[PDB]
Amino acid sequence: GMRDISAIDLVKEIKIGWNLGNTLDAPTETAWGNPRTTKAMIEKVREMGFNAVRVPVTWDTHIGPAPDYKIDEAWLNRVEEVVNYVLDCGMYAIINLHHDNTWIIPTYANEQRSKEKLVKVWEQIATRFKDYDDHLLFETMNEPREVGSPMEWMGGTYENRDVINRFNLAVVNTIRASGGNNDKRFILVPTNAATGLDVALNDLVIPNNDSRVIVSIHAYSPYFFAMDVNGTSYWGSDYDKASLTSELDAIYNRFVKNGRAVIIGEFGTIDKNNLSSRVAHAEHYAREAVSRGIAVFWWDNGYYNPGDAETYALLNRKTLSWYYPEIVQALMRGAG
């Protein structure tokens, strides 16, 4: 089930993906308004041209007490069931550990406590999925960071980034020792908050220089157009186009060009009654990333309410239709 394929070629194959957002990353699958996931939803995702689904998973409340930190089996089974929805559709799948920043605390004081817990949780996760083929990928952590800290969303301190390297190392060794195909499974790792900021990336170290490790970056660029409800609603100027291109070149010249694969696991825009800008923005984003060998995954939290904050949804899950197929088609145009 494990091809002789380099990470760089695997990521080119992945190309364009979709996040099952606000779902298993929620305290319970339906807690943030999304319906219980079905294979039918995933099929629609595949039907539109996506080649991969990222399945963010928050484990927090399903984790038993120390010292064993046993994961509730029912939760782990459900995670496995949804992963199979994706794989059965012939798509790639990524699972992670998402909003677990409550117990994953990247400071020197809390390093050993988190790391030990991080090791015992990943042992169980890696083990359950050890026999899956190379279409399943593990992402060590989502957006590891010191929550509530001054530098939280600005790359963190060296302390933060330093600890995160060891968290990653511990998870990577743990996966690699868990048997089955885990010696050869591809693994995504981020630095603080999965930022793409260059001076932060300076301190990222690839665990064991493992050749099947992929840089994980999240980039909702440009921030004001994409995330901020009070930001501008237009995107499309010559400056907008040159800007993201220059951002990708930085990523391409630093990693890809030298044989390190990169996945942009999250990007997207909210609904600001500005379809035309979103459609243009979406196409340029996929074209430029994929022409650089970078795979991109849209953030879809299932939330639709035009003009409101956090309105990233493309798929209408309860009705199996698309709110904005125009955006989906734009992505596909770009990825080619």
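A residue's number is simply how far along the shown sequence it sits, counting from 1.
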Read off the CA B-factors in the entry, average them over 135-143 and over 194-202, and name the higher stretch. 194-202
The stretch whose C-alpha atoms carry the larger average B-factor in the entry, 326-334 or 2-10, is 2-10
Check the PDB entry and point out which of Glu43, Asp60, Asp271, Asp300 has the largest C-alpha temperature factor. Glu43
Out of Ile16, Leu20, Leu314, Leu320, which shows the largest CA B-factor listed in the entry? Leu320
Third of the chain, ranked by Cα B-factor, where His284 sits: lowest
Which third, lowest, middle or highest, does the C-alpha temperature factor of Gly90 belong to within its own chain? middle
Comparing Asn208 with the other modelled residues of its chain, is its CA B-factor in the lowest, middle or highest third? middle
Report the third (lowest, middle or highest) to which the CA temperature factor of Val55 belongs, ranking only the modelled residues of the same chain. lowest
Taking only the Cα B-factors deposited for this chain, tell me whether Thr38 sits in the lowest, middle or highest third. lowest
